[PDB]
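**Q** Just to be clear, this is only the beginning of the complex, oriented as in the whole thing:
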Amino acid sequence: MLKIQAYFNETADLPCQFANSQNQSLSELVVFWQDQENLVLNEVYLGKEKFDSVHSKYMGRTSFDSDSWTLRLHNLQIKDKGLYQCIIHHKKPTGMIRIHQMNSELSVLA
């Protein structure tokens, strides 16, 4: 579908592959990423970054690039070798609604 290999102790770019159509700002959107275990790497709430629900293993080694919507994961480990999915809801006043969900595989060459 779209697998990306990164070396041990290097960095990995988990793209969101999103493709804004109804041109929206990260403010009227909620973005976060997760792995095979429904763990959370990074979150982008209504514009800012909320770490309230971030797993310890991802904390302090990831970085959102609102430009390409991607998310670099730093100092890759021999356990990160896995599948990650990018999600994007649309916090409407009516309530949040999912508008995007893309998957990416991660092979960590040692």
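**A** That came in fine, so what should we check first? Numbering: from 1, shown residues only, chains lettered A, B, ... in the order given.
**Q** quick one, what contacts the residue sitting nearest the centre point of chain A?
**A** For chain A, the residue nearest the mean C-alpha position is residue A:33 (3.2 Å; Cα atoms, centre = their mean). The contact partners of residue A:33, taken as Cβ atoms under 8 Å, 6 or more residues apart in numbering, are A:14, A:16, A:40, A:41, A:42, A:71, A:84, A:85, A:86, A:87. In short, each C-beta sits where N, CA and C put it, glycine included.
**Q** The same query, at a cut-off of 7 Å, please.
**A** For residue A:33, the contact set (Cβ atoms under 7 Å, 6 or more residues apart in numbering) comprises A:14, A:41, A:42, A:71, A:84, A:86.
**Q** since we're on the last one, how many residues are nearby?
**A** A total of 23 residues lie near residue A:86 under the criterion other Cβ atoms under 10 Å.
**Q** For residue A:61, see how far away it is.
**A** Residue A:86 sits 17 Å away from residue A:61, going by Cβ to Cβ, to the nearest Å.
**Q** try the second one
**A** Shown here: residue A:41 relative to residue A:61, a distance of 9 Å by Cβ to Cβ.
**Q** Specify the local secondary structure of the residue of chain A most remote from its centre.
**A** In chain A, counting by Cα atoms, centre = their mean, residue A:94 sits farthest out from the average C-alpha position, at 24.8 Å. The assignment at residue A:94 comes out as coil when based on DSSP: H, G, I helix; E, B strand; the rest coil.
**Q** same check, this time on the one 10 residues further on
**A** On the three-state scheme (three-state DSSP), residue A:104 is labelled strand.
**Q** cool, residue A:51 as well?
**A** coil.
**Q** show me where chain A has strands.
**A** A:3-7, A:12-14, A:30-34, A:40-45, A:48-49, A:62-64, A:71-73, A:83-89, A:98-109 (DSSP state E).
**Q** need those in JSON lines with distance to residue A:56, can you?
**A** Below are those laid out as JSON lines (distance: least, Cβ to Cβ, whole Å):
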{"stretch": "strand A:3-7", "distance to residue A:56": "20"}
{"stretch": "strand A:12-14", "distance to residue A:56": "18"}
{"stretch": "strand A:30-34", "distance to residue A:56": "14"}
{"stretch": "strand A:40-45", "distance to residue A:56": "10"}
{"stretch": "strand A:48-49", "distance to residue A:56": "16"}
{"stretch": "strand A:62-64", "distance to residue A:56": "12"}
{"stretch": "strand A:71-73", "distance to residue A:56": "14"}
{"stretch": "strand A:83-89", "distance to residue A:56": "17"}
{"stretch": "strand A:98-109", "distance to residue A:56": "19"}
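**Q** Chain B next, sequence below:
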Amino acid sequence: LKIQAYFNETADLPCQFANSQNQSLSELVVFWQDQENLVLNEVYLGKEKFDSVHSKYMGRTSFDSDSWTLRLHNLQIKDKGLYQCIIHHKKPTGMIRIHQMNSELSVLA
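**A** Okay, here's chain B dropped in alongside the others:
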């Protein structure tokens, strides 16, 4: 504050900050710069802008909102230098600096 890291390893540039008036990275602006007033990473009003990030630091850093520190990845033989953390408090009246700490970086080859 002096901290040693090895060649091609990572380095932890602390900000040393210690939130007193408990604030969120929203009503604050945080960045780091070196011996040449270049920029590593920037955390604007809660987000992470790269608009003014120097090439050499781009794609090799990361914020740890937890310890207000800042890991600098894949260290080179040029990074050996003096870095300083700064924090402004973007009030309504206007941004005012509220903190600035220095750190020395020795890259052991």
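**Q** and the neighbour count of residue A:86, now that chain B is part of it?
**A** 23 (other Cβ atoms under 10 Å in any protein chain shown).
**Q** show me the contacts for the residue nearest to it when sequence neighbours are not counted.
**A** Counting by Cβ to Cβ, 6 or more residues apart in numbering or on different chains, residue A:16 is the residue found nearest to residue A:86 once chain neighbours are left out, at 3.8 Å. Residues near residue A:16 by Cβ atoms under 7 Å, 6 or more residues apart in numbering or on different chains: A:69, A:70, A:86, A:88, A:102.
**Q** If you rank those residues by neighbours, which is first?
**A** Going by other Cβ under 10 Å, residue A:86 tops these with 23 neighbours.
**Q** Distance check, that one against chain B.
**A** Shown here: residue A:86 relative to chain B, a distance of 17 Å by Cβ to the nearest Cβ, to the nearest Å.
**Q** ok, now which ones touch that residue?
**A** By Cβ under 7 Å, 6+ apart, the contact set of residue A:86 is A:14, A:16, A:33, A:102.
**Q** Chain B versus the second one, what's the distance?
**A** From residue A:16 over to chain B the distance is 15 Å, taken as Cβ to the nearest Cβ.
**Q** can you check the third one too?
**A** Going from residue A:33 to chain B by Cβ to the nearest Cβ gives 15 Å.
**Q** Quick check: closest non-adjacent residue to that residue.
**A** residue A:41 (4.5 Å).
**Q** Quick check: residues of chain A near chain B?
**A** A:11, A:47-49, A:51, A:59-66, A:72, A:74-75 (Cβ under 7 Å from any Cβ of the partner chain).
**Q** let's go with 8 Å and repeat that
**A** A:10-11, A:26, A:44, A:47-49, A:51, A:59-67, A:72, A:74-75 (Cβ under 8 Å from any Cβ of the partner chain).
**Q** and the residue of chain A nearest chain B?
**A** residue A:48 (3.0 Å; Cβ to the nearest Cβ).
**Q** Could you pull up the residues touching that residue?
**A** Counting by Cβ atoms under 8 Å, 6 or more residues apart in numbering or on different chains, residue A:48 makes contact with B:24, B:25, B:26, B:45, B:46, B:47.
**Q** Skipping adjacent residues, who's closest to it in space?
**A** residue B:46 (3.0 Å).
**Q** For the one you found, give me the backbone phi and psi.
**A** Here is the backbone geometry of residue B:46 (degrees, to the nearest 10): phi 110, psi -30.
**Q** pretty sure residue A:25 is in contact with residue A:31, am I right?
**A** No. Applying Cβ atoms under 8 Å, one finds residue A:25 not in contact with residue A:31, separated by 11.4 Å.
**Q** attach chain C to the model above:
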Amino acid sequence: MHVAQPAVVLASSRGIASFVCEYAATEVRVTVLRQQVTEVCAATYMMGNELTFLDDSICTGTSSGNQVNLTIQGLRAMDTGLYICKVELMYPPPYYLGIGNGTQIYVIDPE
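**A** Alright, chain C goes in next:
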């Protein structure tokens, strides 16, 4: 950096002294000191807009690249002193702190 301002200036008969403080990327913050050494007024402004200074302050500035025209009001005799014009270069990084040697405002002379 490098902040420089007028060598010397003489407030008018009503107490209005205005000098030109210039520094060498968009949101600057001029803090007016005074030689002890204490804070007269301060503000944060975009690249080329009117300064603010709270609203009950005694300063009134405008700005347009490199420099900013300050205007301290309601001055008297005792005010006269070395008014240092400090300039910080806030967001966007990198920071920069430049300080002037202050312009000497001579007012010791009310109506």
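**Q** please look at the contacts of residue A:33 again, because chain C has been put in.
**A** Applying Cβ under 8 Å, 6+ apart, the residues contacting residue A:33 are A:14, A:16, A:40, A:41, A:42, A:71, A:84, A:85, A:86, A:87.
**Q** before we move on, what about residue A:88?
**A** Going by Cβ under 8 Å, 6+ apart, residue A:88 touches A:16, A:18, A:29, A:30, A:31, A:98, A:99, A:100, A:101.
**Q** Could you check how far it is from chain C?
**A** In terms of Cβ to the nearest Cβ, residue A:88 sits 28 Å off from chain C.
**Q** Report the beta-bridge partner residues of that residue.
**A** For residue A:88, the beta-bridge partners are residue A:31, residue A:100 (DSSP bridges).
**Q** Residue C:29 - how many residues pack around it?
**A** Other residues near residue C:29 come to 20 when the count uses other Cβ under 10 Å.
**Q** That one in helix, strand or coil?
**A** The three-state label given to residue C:29 by three-state DSSP is strand.
**Q** Point me to the residue of chain C nearest chain B.
**A** For chain C, Cβ to the nearest Cβ, closest residue to chain B: residue C:44, 2.3 Å.
**Q** What is the neighbour count of that residue?
**A** 23.
**Q** try the one 4 residues further on
**A** Around residue C:48 there are 11 other residues, counting by other Cβ under 10 Å.
**Q** Same check on the one 5 residues further on?
**A** Using other Cβ under 10 Å as the criterion, residue C:53 is surrounded by 22 other residues.
**Q** any idea how far residue C:54 lies from chain A?
**A** Taken as Cβ to the nearest Cβ, the span from residue C:54 to chain A is 28 Å.
**Q** Now do the contacts for that residue.
**A** B:93, C:41.
**Q** and residue A:65, how far is that from residue C:55?
**A** Taking Cβ to Cβ, one finds residue A:65 at 41 Å from residue C:55.
**Q** neighbour-wise, which of these two wins?
**A** Neighbour totals were compared for residue A:65 and residue C:55, and residue A:65 leads with 17 against 5 (other Cβ under 10 Å).
**Q** The more buried one touches residue A:72, doesn't it?
**A** Yes. Here residue A:65 lies in contact with residue A:72, judged by Cβ under 8 Å, at a distance of 7.1 Å.
**Q** pretty sure residue C:8 is touching residue C:106, no?
**A** Yes. With contact defined as Cβ under 8 Å, residue C:8 counts as touching residue C:106 (7.2 Å).
**Q** Which of these two has more residues huddled nearby?
**A** Set side by side, residue C:8 and residue C:106 give different neighbour counts by other Cβ under 10 Å, the larger being at residue C:106 (15 against 10).
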